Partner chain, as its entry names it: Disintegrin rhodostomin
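The chain below stands alone, shown as structure tokens; this is the form deposited without the partner chain.
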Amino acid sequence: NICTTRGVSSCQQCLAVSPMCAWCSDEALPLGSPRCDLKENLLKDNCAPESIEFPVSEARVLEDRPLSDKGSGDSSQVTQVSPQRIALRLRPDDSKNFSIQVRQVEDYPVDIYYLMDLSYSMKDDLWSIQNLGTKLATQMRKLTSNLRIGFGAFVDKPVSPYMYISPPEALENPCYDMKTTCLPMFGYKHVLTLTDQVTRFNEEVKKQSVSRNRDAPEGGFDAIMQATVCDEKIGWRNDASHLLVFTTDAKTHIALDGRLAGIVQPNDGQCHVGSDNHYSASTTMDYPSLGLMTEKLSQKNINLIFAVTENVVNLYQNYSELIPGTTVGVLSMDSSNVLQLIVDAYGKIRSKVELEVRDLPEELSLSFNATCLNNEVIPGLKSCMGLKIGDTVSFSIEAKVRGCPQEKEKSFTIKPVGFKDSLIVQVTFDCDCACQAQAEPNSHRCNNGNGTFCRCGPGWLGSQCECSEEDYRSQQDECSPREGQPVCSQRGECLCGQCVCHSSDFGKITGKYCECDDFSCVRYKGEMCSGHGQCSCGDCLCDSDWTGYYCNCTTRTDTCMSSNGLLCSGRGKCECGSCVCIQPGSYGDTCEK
């Protein structure tokens, strides 16, 4: 399989191969099989069960509170996402799946901040919305019992060429020309902090009065930015549905327009509303871009509604499609229908849900499969729509890691758009084997302890950390009979100084240099060692009754003894089983005749 065929070692590359591979770290390792293989194959070789590493990916649950049923409960107790904390662990190239549930709870607290354009064409609307506080509370009591309402207004930056700077009295009465009075120019003023006292919205609105801008584009985006990042003055609640109603009847300015007026410094995510409730940096900071607006609306969890007259509805639809979590509604000139507009905007806004991935590391990737209305499933999507509010939906999240990150305790969050109920993910990667500690670091089996159980260097690392390749004075350490002589006497081949002598059908070879064998001995009188010995490295070892190199001479004396009892009858000398008769006149095998 792949695990064996890749021939990796050290238990770390073995893990890096595939999630399925496993490693064995026995002290009594069986030889001839790779230490890297899938768990079953290691168990086939009977690697000790506690000596196999085989880490396995998983996904736990740390907080699994149930989804709330009503929003009017204790603020901390409301829970719209479950599970709430998850810790998952996976290998350098594996993937794991887990699910998340979201339920748009009913009767949730609601915060409405009515940000209103105050160009001269807005005077009729300013008249028509003098009862909006009470009307809106009366209608919303059906949907939410913890309502709040705010207010704020914008015209445009107070600087030429946007505002009338002459005649000199015009700057203190922009409507001076048409023979009527109106407020001087202003960028953005914070009128009413969010409050539960519905009636006071009506009181505060009646004190307002329109102004006059020279050109059609309004500076609303600069107002939205401050209404988003000045949370402490605006008074956004942590546990509530933030609505930012935006009313206008004209196109809008955008970043880099401030160059015409001498404004080049780019906008930044900071609050500059002074103690007088007027945005102070209006005349020294450019407009904010849609990217920055989207970032700050995501961070502060604001749902932004575009309520605009029918002449510029399409423009703001095309703008909204670039800002996640927004909608559009058509105002009359008199603004007579803003109440119904906001009610239906809230319903539509919470009739959908989409998931944000906040701080995913670059080494991870996520894919979503969404269970949706009526238990149907839609692949690939990370959102759903058509919900009735109160219902519940879930998503199947599948995550994969890319290699082994250098640090293995990162974390990130997943969160629906517009809500703080999120799932916090703790991720860890099992790159390292447990045996890398206390087991592998060193072992005397390799270079007298100078090798991790091996991983030594030149001089030993040739094989088993006991072979040399730096010097090569070679791998044939004394394989030849003598210095400079042929390796293994050319009877085979050697590695690490040991000759693998070849076998033959007519004999076999032995010795470090293959210098000995069991067949190269001499024959005499028809058979090896005369049948009176056995072969050993080309020499005969003779029996007790025989001597000589061929074992050709007998050591016995009973063949020389004569019937008189004397060897050779005392007439000669016995040699190799026969008598050399010295005495003249005597004959016979033993000179006995």
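Numbering follows the first chain given and starts at 1.
One more form of this protein exists, namely the form solved in complex with the partner chain; it is left out here, but the text below deals with it.
Within 4.5 Å of some heavy atom of the partner chain in the entry with it bound lies at least one heavy atom of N213. The shortest heavy atom separation between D111 and the partner chain in the entry with it bound exceeds 4.5 Å. The shortest heavy atom separation between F186 and the partner chain in the entry with it bound exceeds 4.5 Å. Residue contact with the partner chain in the entry with it bound: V377 places no heavy atom within 4.5 Å of it.
Only one of the listed residues (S422, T392, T144, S121) places a non-hydrogen atom within 4.5 angstroms of the partner chain in the entry with it bound, and that residue is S121.
The putative spot formed by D125, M178 and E218 is fully lined by the partner chain in the entry with it bound; each residue has a non-hydrogen atom within 4.5 angstroms of it. Residues within 4.5 angstroms of the partner chain in the entry with it bound, judged by any non-hydrogen atom, belong to 204-212 and to none of the other stretches in 423-431, 204-212, 82-90, 232-240.
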